[PDB]
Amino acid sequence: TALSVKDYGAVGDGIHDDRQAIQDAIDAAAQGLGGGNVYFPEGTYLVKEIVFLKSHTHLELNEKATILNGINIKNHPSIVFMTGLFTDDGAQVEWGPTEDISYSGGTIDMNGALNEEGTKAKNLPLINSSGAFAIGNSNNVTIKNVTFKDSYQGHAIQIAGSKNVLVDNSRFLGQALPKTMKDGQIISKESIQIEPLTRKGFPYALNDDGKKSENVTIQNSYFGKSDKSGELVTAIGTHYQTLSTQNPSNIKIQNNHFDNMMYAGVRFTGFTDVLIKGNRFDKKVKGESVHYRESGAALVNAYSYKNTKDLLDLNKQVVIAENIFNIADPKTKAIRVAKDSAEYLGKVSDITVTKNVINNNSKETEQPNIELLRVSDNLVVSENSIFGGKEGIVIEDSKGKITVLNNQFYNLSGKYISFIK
């Protein structure tokens, strides 16, 4: 059995800085004591600086254990757990490889709920963003049964340059968005981020070689609002790639429930070999939502980074199977896969959208249910079933073997299928 965090001087309270005590537990487990295991019994554990995870350690937390984020330093990350060293900006360090870390149970309160004004986080006034994990250059990482409360315009989890990562049976509740944020900064806030390892993408380290993430599964988890703040913008994805980034591959997103996102459940550019299967996406009406995007939304959005100069490795091998969407927002698309402008040099291909079910019961629906745009070869769109809305399927400017077979369309007002030239 495990090194207890209390034995190392963590006090259960709102108030005492437990950073050191917790770090000391971890450092001892790292050596092999308590057999790599660390246990957090019931409490609220305030940390006022970053805690470092260590190779071959396994943390388990009581259901009534919370980690409370009290990192409140100007020009400094406010991320509770990192898999490598960070002190201050401009003192970044290469992160060596780390492996075999597991983290299980309890809450992390990322503590970013807004002030009564809505310009800054109540308890963490000096910060620019809050979040729970920065996983860079790691292997075999399990995050399981955890409740993630209230990131402040930030990524609850960042998975950068990391292999064999699992997110299981967790919940993500609350993303806090200042009134002042422009749309471009809002939609870059994925709650779980899966990205190549670059300094621009992952500013916590020196690693800049663009190494991919690999074999990354997000499953059996729930994403929505909290009591203290509104709905996640984008549950899972990424919004950056370049000629030097190697594309995150074998990405499985399965059996999750994306409850009323502002923008997306899954939105990404630069992935290869992804599976989005048996998920549930709900989107409520503007009126029943704390957060809502007036420029509109797309629950699955496999899109193409804005570059007109380079031949990018754009999305390939995306499978979107057996999901179900209930949409009551007239402004929301269920499924979008795109090369967004004819001006982009890369190709998007091997795209299969199958056995999905969409109930769109919105009033005066302004959007198509499924949109495939500039897909170059191997496109299958099959045995999907679509209940309600204006247009059904739209396939636009697509070359190659295109299979469209045995879809069903019900009580749609506008065009079922629609091929555009």
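The first residue of the sequence shown is number 1, and the count goes up from there.
- Here 344-352 and 134-142 are compared by their mean Cα B-factor, and 344-352 comes out higher.
- For the two regions 388-396 and 22-30, the entry's Cα B-factors average higher over 388-396.
- Looking at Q158, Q254, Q185, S213, the one whose CA carries the top B-factor in the deposited record is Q185.
- Looking only at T198, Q246, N128, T147, the residue with the top Cα B factor in the deposited structure is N128.
- Ranked against the other modelled residues of its chain, the C-alpha B-factor of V318 as given in the entry falls in the middle third.
- Annotation for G237: CA B-factor lies in the lowest third of the chain's modelled residues.
- Among the modelled residues of its chain, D109 has a C-alpha B-factor that falls in the lowest third according to the deposited record.
- Among all modelled residues in its chain, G154 ranks in the middle third by Cα B-factor.
- Annotation for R267: C-alpha temperature factor in the lowest third relative to the rest of the modelled chain, per the entry.
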